[PDB]
Amino acid sequence: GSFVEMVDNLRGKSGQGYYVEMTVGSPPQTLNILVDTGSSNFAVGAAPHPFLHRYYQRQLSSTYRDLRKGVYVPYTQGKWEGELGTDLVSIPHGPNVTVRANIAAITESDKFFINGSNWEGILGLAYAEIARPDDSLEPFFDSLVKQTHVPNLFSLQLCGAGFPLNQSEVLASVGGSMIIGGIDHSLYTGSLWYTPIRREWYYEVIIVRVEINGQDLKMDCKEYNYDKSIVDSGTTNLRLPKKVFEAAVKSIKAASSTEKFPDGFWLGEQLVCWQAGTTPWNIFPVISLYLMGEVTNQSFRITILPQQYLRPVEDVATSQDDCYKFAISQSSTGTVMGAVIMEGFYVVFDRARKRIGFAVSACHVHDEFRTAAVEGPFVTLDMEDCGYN
Ligand SMILES: COc1cccc(CNC[C@@H](O)[C@H](Cc2ccccc2)NC(=O)c2cc(C(=O)N[C@H](C)c3ccccc3)cc(N(C)S(C)(=O)=O)c2)c1
């Protein structure tokens, strides 16, 4: 209920990724670690790199254990290679515990690290099934639960700002919260609705209906989870399977036709700008994703605003202009509910009850006329059929 100690322990409000402070080794070596529910490897920079301000020095840790085994990890975006080992890890603004975890010491990387992001590592919070080299490499959260009395669940509140933040601002501002082992009521309003984790590999879920300003996209629901649907705090966008992406874009285009934007905008490649303060939020439609409920034949829906899917970007010419990039994009590997989705809600990864809860986030961005939402229940049927095999 109240884990005040961990509240506001995240940073990256308008950066490239949300991260938490961690220390590894003995004496403790401080590092900022990206919180990623989309993968399962705990990895940290362990050699100098143009974008790293600091990195893991194994020679200086008295508790480091070298497993003498290499590891390679390719994500949808970026990839890295490293050397496996274990060491003691702590989270300054997390529970007061220390755990020996597997750690991939990154020695080579490609398009992984992000210039100015301020994080030097990644905490894969998903299950062993997708860990590399294979599922025998115990993920961090599993190590944590096994070695301590921290309950088997964590919750995340990722806070977008709605406007660009500069270097000092990102460092001096709260990026959100990761409550390890509990749920804090101060992070959301209204009810928490839970959807089952279909299978424990990624945090896979099942979407049963999609609406653009209340209008049903009306596609075979399997199309929505075609391949799979996952909740991924390590991915910026709301990514949709090709067929779904094209239908959504066509409907978003129609809802906002009073204004015309170049194709590059819809591809997420070129930003769109408006005179300062004149962003026409109201012409853009809200987007609702319906999730299977815990009760049979029951579903609920999460609704986001253009304030979630139009990400703030500082325009080249300092211009007082407010610019944004369209952050809904195409996927060939299933739906990815990234930051575009998570910044609108307080999300609970209840691993113990194999379910994920959603509640309107106390920090989501909006305007006076609309807010993000979580509502239920809805009587929908044969949603078991929505899953892909
Ligand atoms: C087990 O390994 C796999 C293998 C394949 C796919 C997946 C699922 N993907 C989720 C994550 O694991 C990885 C982790 C990661 C990669 C690179 C840098 C930082 C983090 N995420 C991505 O691959 C990944 C990360 C980003 C990205 O910019 N992430 C940054 C750090 C971020 C910015 C803002 C908010 C959250 C995160 C973008 C995309 N694109 C597809 S996009 C433009 O459509 O959003 C993919 C996992």
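Numbering of residues begins at 1 and proceeds along the displayed sequence. In listed order, ligands and their atoms are each counted from 1. These values consider heavy atoms only, across backbone and side chains, with no hydrogens, waters or symmetry-generated copies.
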Asks: State the atoms of ligand 1, each with its element, that fall below the 4.0 Å cut-off from a heavy-atom position in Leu34.
Replies: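 Within the 4.0 Å cut-off of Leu34, ligand 1 contributes 19 (C), 20 (C), 31 (C).
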Asks: Would you mind checking which non-hydrogen protein atom is closest to atom 22 (C) of ligand 1, with the distance to 0.1 Å?
Replies: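 For this ligand atom, the closest protein heavy atom is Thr235 OG1, 3.7 Å.
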Asks: Would you mind checking which non-hydrogen protein atom is closest to atom 14 (C) of ligand 1, with the distance to 0.1 Å?
Replies: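 So the nearest neighbour among protein heavy atoms is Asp36 OD2, 3.4 Å.
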Asks: If the cut-off is 4.0 Å to any non-hydrogen atom of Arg239, which atoms of ligand 1 fall inside it?
Replies: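 Those qualifying, in numeric order: 41 (C), 44 (O).
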Asks: I want to know if ligand 1 touches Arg311 in the polar sense, i.e. an N/O pair below 3.5 angstrom.
Replies: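 So ligand 1 has no N or O lying under 3.5 Å from an N or O of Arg311.
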Asks: Taking distance alone, with N or O pairs closer than 3.5 Å, would you say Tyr75 contacts ligand 1?
Replies: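 Between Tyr75 and ligand 1, no N or O pair is found under 3.5 Å apart.
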Asks: Between CD of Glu294 and OG of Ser299, what distance do you get to the nearest 0.5 Å?
Replies: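 OG of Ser299 is found 13.5 Å from CD of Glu294.
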Asks: Should the pair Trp266 and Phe326 be assigned to parallel (<30°), tilted (30 to 60°) or perpendicular (>60°) ring geometry?
Replies: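 If you compare the ring of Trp266 with that of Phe326, the planes turn out perpendicular.
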Asks: Which of the atoms of ligand 1 are close to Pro74, meaning less than 4.0 Å from one of its heavy atoms?
Replies: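 So the atoms of ligand 1 that pass are 4 (C).
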Asks: Quick test of your reading of the model: are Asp87 and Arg65 salt-bridged, counting only N-O distances below 4.0 Å?
Replies: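 Between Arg65 and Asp87 there is no salt bridge, as every charged N stays at least 4.0 Å from the carboxylate O atoms.
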Asks: Report the member of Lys111, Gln77, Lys325 with the shortest heavy-atom distance to atom 40 (N) of ligand 1.
Replies: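 Answer by nearest heavy atom: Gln77.
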Asks: What is the closest protein heavy atom to atom 6 (C) of ligand 1, and at what distance does it sit?
Replies: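 In this structure, atom 6 (C) of ligand 1 has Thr76 OG1, 3.6 Å as its nearest protein heavy atom.
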Asks: Note the single closest protein heavy atom to atom 43 (C) of ligand 1, along with its residue, its atom name and the distance in Å.
Replies: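 Closest protein heavy atom to atom 43 (C) of ligand 1: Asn237 ND2, 3.6 Å.
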Asks: Quick one: sort the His49 and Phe51 rings into parallel, tilted or perpendicular, breaks at 30° and 60°.
Replies: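 Ring orientation of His49 relative to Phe51: perpendicular.
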Asks: Holding to side chain to side chain donor-acceptor pair (under 3.5 Å), I want the full list of residues that pass it with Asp135, two or more places apart in sequence or in another chain.
Replies: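 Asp135 satisfies side chain to side chain donor-acceptor pair (under 3.5 Å) with no residue once adjacent residues are dropped.
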Asks: May I ask you to identify the nearest protein heavy atom to atom 28 (O) of ligand 1, giving residue, atom name and distance to one decimal place in Å?
Replies: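 So the nearest neighbour among protein heavy atoms is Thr236 OG1, 2.9 Å.
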Asks: Could you identify the single nearest non-hydrogen protein atom to atom 8 (C) of ligand 1 and state the distance to 0.1 Å?
Replies: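 Protein heavy atom with the smallest distance to atom 8 (C) of ligand 1: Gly38 O, 3.2 Å.
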Asks: Would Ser233 count as a polar contact of ligand 1, with the cut-off being nitrogen or oxygen pairs under 3.5 Å?
Replies: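 Among all N and O atoms of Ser233, none is under 3.5 Å from an N or O of ligand 1.
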Asks: When only distance counts, is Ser329 in polar contact with ligand 1, meaning an N/O pair under 3.5 Å?
Replies: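 Yes: some nitrogen or oxygen of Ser329 is under 3.5 Å from one in ligand 1.
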Asks: Hey, is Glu169 close enough to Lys13 for a salt bridge, meaning N to O under 4.0 Å?
Replies: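 Looking at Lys13 together with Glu169, the answer is no, because their closest N to O distance does not fall below 4.0 Å.
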Asks: Hey, are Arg58 and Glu83 close enough for a salt bridge, meaning a charged N less than 4.0 Å from a carboxylate O?
Replies: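 Here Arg58 pairs with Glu83 in a salt bridge, since their nearest N and O are under 4.0 Å apart.
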Asks: Which word best sums up how the rings of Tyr324 and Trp274 line up, parallel for under 30°, tilted for 30 to 60°, or perpendicular for over 60°?
Replies: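 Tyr324 and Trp274: tilted rings.
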Asks: Would you call the rings of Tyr75 and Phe112 parallel, tilted or perpendicular, where under 30° means parallel and over 60° means perpendicular?
Replies: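 It falls in the parallel class, under 30°.
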Asks: Taking only heavy atoms of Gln16, which atoms of ligand 1 are found under 4.0 Å from at least one of them?
Replies: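 Those of ligand 1 that fall under 4.0 Å from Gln16 are 31 (C), 32 (C), 33 (C).
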Asks: So, does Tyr388 use its side chain to make a donor-acceptor pair with the main chain of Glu223 at under 3.5 Å?
Replies: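 It does not hold such a pair.
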Asks: Out of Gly234, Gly175, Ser14, whose heavy atom sits nearest atom 29 (N) of ligand 1?
Replies: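 Residue with the shortest heavy-atom distance to the ligand atom: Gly234.
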Asks: Using heavy-atom distances only, which candidate in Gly160, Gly17, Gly338 approaches atom 34 (C) of ligand 1 most closely?
Replies: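 Among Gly160, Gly17, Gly338, the closest heavy atom to atom 34 (C) of ligand 1 belongs to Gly17.
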Asks: Looking only at distance, does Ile130 have an N or O less than 3.5 Å from an N or O of ligand 1?
Replies: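 No, no N or O pair falls under 3.5 Å.
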Asks: Indicate yes or no: does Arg311 engage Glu343 in a salt bridge with an N to O separation below 4.0 Å.
Replies: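 The answer is yes: the pair qualifies as a salt bridge.
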Asks: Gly78 near ligand 1, heavy-atom distance under 4.0 Å?
Replies: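 Heavy atoms of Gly78 never come under 4.0 Å of ligand 1.
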Asks: Below 3.5 Å, N or O to N or O, backbone or side chain included: is there any such pair between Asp232 and ligand 1?
Replies: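 For ligand 1, there is an N or O atom that lies under 3.5 Å from one belonging to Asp232.
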Asks: Return the closest protein heavy atom for atom 35 (C) of ligand 1 as residue, atom name and distance.
Replies: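 Nearest neighbour among protein heavy atoms for atom 35 (C) of ligand 1, to 0.1 Å: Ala339 CB, 3.5 Å.
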Asks: NZ of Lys325: more than 12 outside heavy atoms within 6.0 angstrom?
Replies: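 No - once you tally the heavy atoms of other residues, nucleotides and ligands closer than 6.0 Å, there are 12 at most.
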Asks: In this structure, does ligand 1 have an atom that sits under 4.0 Å from one of the heavy atoms of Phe113?
Replies: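 No; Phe113 lies far enough from ligand 1 that no heavy-atom distance drops under 4.0 Å.
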Asks: So, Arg351 and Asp142, do they make that salt bridge, N to O below 4.0 Å?
Replies: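 Yes.
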